[PDB]
């Protein structure tokens, strides 16, 4: 929660909602970050990603076109890399396209060092602010985004822990 106020404080306008989710991973920070930082390959840990196309090298302003698997209310999303800080291990992305209903979606993901069971571990925190789509409440929006992000982090933890013993 000391990390939340420094890197995850959002000021959602009234027509918006903001929230966060966390996950403890039993793996070192450099490994988790090495997976997250690969902005061009989110399906490395993101379980709902079927494909991902990004052109050129990774840089601020890079845009990736993501296709998601079936069983979801959308099929594609277009995302731009806004922040990729390797020193502080911060990754910020904005949804700039897609056929979904998360307009002006912005997410901040940070990776912090932790001690899990007396061994090196990682605390991952992802926060977001988004517009509440017509016909939905702020709570509905948050339960949706939180369900999705909880899947993403769980998967990230399985991938990371599967690479460390």
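Only the largest set of C-alpha atoms that superpose within 1.5 Å between the two forms is called the rigid core. Positions refer to the first chain, counted from 1.
Using the rigid core as the fitting frame, the root mean square C-alpha deviation in 5 other deposited structures of this protein is greater for 8 to 16 than for the other of 148 to 156 and 8 to 16. Stretches compared: 86 to 94, 70 to 78. Higher mean C-alpha B-factor in the entry: 86 to 94. Per the PDB record, 41 has a higher Cα B-factor than any other of 41, 107, 110, 104. You'll see in the entry that, of 129, 115, 125, 132, the Cα B factor peaks at 115. Per the deposited record, the Cα B-factor of residue 25 falls in the lowest third when ranked against the other modelled residues of its chain. Remark: residue 99 belongs to the lowest third of its chain, ranked by C-alpha B-factor as recorded. Annotation for residue 61: C-alpha temperature factor in the middle third relative to the rest of the modelled chain, per the entry. When the modelled residues of the chain are ordered by their C-alpha B factor, residue 31 lands in the highest third.
When the CA B factors of the chain's modelled residues are split into thirds, the value for residue 154 lands in the lowest one.
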